[PDB]
Each structure stands twice: as structure tokens, then as C-alpha cells.
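Asker: Take -19 as the starting number for the sequence shown in our numbering and just add one per residue.
If you scroll down you'll find the structure; I have some questions about it.
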Amino acid sequence: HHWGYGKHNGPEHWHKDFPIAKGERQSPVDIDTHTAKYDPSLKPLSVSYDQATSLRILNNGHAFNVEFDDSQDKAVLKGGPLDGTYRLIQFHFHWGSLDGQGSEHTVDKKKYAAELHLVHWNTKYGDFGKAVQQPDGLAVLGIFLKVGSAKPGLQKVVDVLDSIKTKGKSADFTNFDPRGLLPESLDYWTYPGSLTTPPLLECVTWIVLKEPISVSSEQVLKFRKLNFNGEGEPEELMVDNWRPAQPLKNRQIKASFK
Ligand SMILES: NS(=O)(=O)c1ccc(CCNc2ncnc(Cl)c2[N+](=O)[O-])cc1
Ligand SMILES: [Zn+2]
């Protein structure tokens, strides 16, 4: 009986195995655009993905992760609100059963069709596993998806999904360029929070872009053909794998833009 999103094991149940679920800096949150303060000391985000090396894509039974070789100083995130340099390790999405829901963060309560998380760990902690143990260990760059025009840079990911339909399947996934998934503007909101899945650790500086990317209805439909179950188990479509907004508690959301 471990965690998931279904009835019986979804987000309102996670606190029983992961008490930090009701902690002081949980994610996601609703971004109240009128209350976020412009912070003229924030820097432009620096996203250096030219040398990114993807390795593999994996259906882990919650989502699919596109995994990177993070053994050298390649795909990094810095600047913005960050001190130091954070290294890309994987990306994944959260999406809905319908286009009216799916994102984890919301903007003035607006839910987008999906949300992309590019996960980076602080190189001062030497690896991902040690980083998640620190309050400034991770930087996750969150990008909203709306349904409209297709995102050509997404299509390679969409096409490999029928090879990892079920939990525990993986596939070779090299030379995937994540610059294809970024909107034009890097205007962002930022606040301190957590992993949005168990173990829900409070180790994340969240950077959420204001500009969504557009993906097609056929693209997001293919996400929804994935399965939560393993091969040879009864089919449970992989939909609604998002955690709802959690209490903001004392925290400030800062905006990089006027
Ligand atoms: N949705 S999100 O906030 O962007 C996000 C959620 C979860 C993760 C990592 C979850 N995996 C782990 N987390 C913590 N410790 C270990 Cl040791 C692992 N682990 O798997 O070995 C990364 C990002
Ligand atoms: Zn995520």
C-alpha cells in the first residue's frame, strides 16, 4: 500500500508515511500574482543547457523521468535567486485527465494542463542524494503547459512513450535537447519549498516561469495513455499525477519582473 495519487493513496494520505507533508515549506503553492513582490535584486536566470547529455527515459510508476548524465559540469542553472551552480539531473511532468487541470503550481488559482519540472542539484553538495538533505540542495525550474499549438521540441519525448507504457519500463534516450522545452521569456516567480512527491523533502528553491509553453492536444493525449500499473496488471491510466496547492505559511513569492 504505498503512495500514489489514486483513491486510497493520493496526496491527502501522504502525511501518514511522510509527516513533513504538513510542514512549513511544502510545494506546490498558488502564486498570487498581485501579492508576489518584484525584487529588483533578483538576477536574470542563467540556463546553460548547450552541453546537456540525456541518457534514459523511465516510467517510475508516478510519471516519466528524462534522465541526464550529471557526472560532469554540463547542463547547469545559476543566477536568478541562486547562489552557486546547480546541475541538471532529470526532468518530468505532472498532468491532468482533462485539459482544465494538471499543473501543481497555480497562478491566481488558474490550473494549467500540465507542468514541466527540470530538476537541478547544488554542486556544493557533490551529488543528488546529499543535496536533497540540504535546504538549498535543489533548484527546480517549473514551466506551465497549455494546450494549443504543438511544441516541436517535445515530440521526441511523446514518441518514445509507447515504449515505456507501464511502471518500471525504461528506454534509451540520448541527445534530447531540453532547450526545446523553454518558453521565450525567463521572467519568473521564486519561493522556497519542497519536492512535490514523497519524500516531500524541504530542499527546493522553486523557480516558476511566467510564460507557459504551448503543447498540442495530441501531445498531451499521448501522456494520458501511459499507465500507473506494471505490465500484466489491470490498466490504470497515468492521469492526474499532480499534488494540489499547499499552504503558503510565512513565505514570500518574489517576482523577477515588473
Ligand atoms: N516533482 S519535483 O518536486 O520536481 C521532484 C520530486 C521528487 C524528486 C526526487 C524523488 N526521488 C528521491 N528523493 C529524495 N531522495 C532520494 Cl534518495 C530520491 N531517489 O529517487 O533516489 C525530484 C523532484
Ligand atoms: Zn515534479
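C-beta atoms are modelled at their ideal positions from N, C-alpha and C, and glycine is treated no differently.
So is the beta-carbon of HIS85 under 7 Å away from any non-hydrogen atom of ligand 2?
Answerer: Outside the cutoff, so no.
Asker: Are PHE73 and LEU38 close, meaning C-beta to C-beta below 8 Å?
Answerer: Cβ atoms of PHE73 and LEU38: not closer than 8 Å.
Asker: Less than 8 Å between the C-beta atoms of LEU189 and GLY122, yes or no?
Answerer: Against a cut-off of 8 Å, the Cβ pair of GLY122 and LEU189 comes out as a contact.
Asker: Ligand 1 heavy atoms versus the CB of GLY109: any closer than 7 Å?
Answerer: True, at least one ligand heavy atom lies under 7 Å from that Cβ.
Asker: Where are the beta strand (DSSP E) runs, 3 residues long or more, that stay fully inside the stretch 154 to 192, in chain order?
Answerer: Segments of the beta strand (DSSP E) lying fully in the stretch 154 to 192: 168 to 173 and 184 to 189.
Asker: Verify the contact flag: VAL120, CB atom, against every heavy atom of ligand 1, threshold strictly below 7 Å.
Answerer: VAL120 Cβ: within cutoff of ligand 1.
Asker: Taking the alpha carbon of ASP49 as the reference point, which residue from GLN6, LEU68 and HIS42 has its own alpha carbon closest?
Answerer: Of the listed residues, the one whose Cα sits closest to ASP49 is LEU68.
Asker: Among all residues, which have a Cβ less than 6 Å from at least one non-hydrogen atom of ligand 2, and in what chain order do they fall?
Answerer: The set, ordered by position in the chain, is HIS72, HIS74, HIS97 and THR176.
Asker: According to DSSP, is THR146 helix, strand or coil?
Answerer: Looking at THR146 - three-state DSSP - the assignment turns out to be coil, as it is neither helix nor strand.
Asker: Which partner residues does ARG67 have in the DSSP bridge list?
Answerer: For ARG67, which the question treats as bridged, DSSP gives the partners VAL56 and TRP101.
Asker: Flag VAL56 as yes when its Cβ comes closer than 7 Å to any non-hydrogen atom of ligand 1, and as no otherwise.
Answerer: No, the Cβ of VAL56 stays beyond 7 Å of every heavy atom of ligand 1.
Asker: Specify the secondary structure class of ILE0 as computed by DSSP and reduced to three states.
Answerer: Residue state, collapsed to three classes: helix.
Asker: Just checking my contact of residue 246 with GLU84 at CB under 8 Å: how many whole Å lie between their CB atoms?
Answerer: The question about residue 246 has no answer, for the chain in this structure spans -19 to 238.
Asker: Are there any heavy atoms of ligand 1 lying less than 7 Å away from the beta-carbon of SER150, as far as the coordinates show?
Answerer: Checking every heavy atom of ligand 1 against the Cβ of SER150, none is found closer than 7 Å.
Asker: Report the rounded CA-to-CA distance for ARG223 versus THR176, giving the unit in angstroms.
Answerer: Each residue's alpha carbon lies about 6 Å from the other.
Asker: Leaving out the 5 sequence neighbours to the left and right, which residues in its chain are closer than 6 Å to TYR29 when beta-carbon positions are compared?
Answerer: The answer, listed in chain order, is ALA55, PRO158 and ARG159.
Asker: Which class does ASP139 belong to by DSSP, given the choice of helix, strand or coil?
Answerer: DSSP places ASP139 in helix when its eight states are reduced to three.
Asker: Under 8 Å: do the stretch 16 to 24 and the stretch 103 to 120 share three or more Cβ pairs, one atom per stretch?
Answerer: Output reads no: the stretch 103 to 120 does not touch the stretch 16 to 24.
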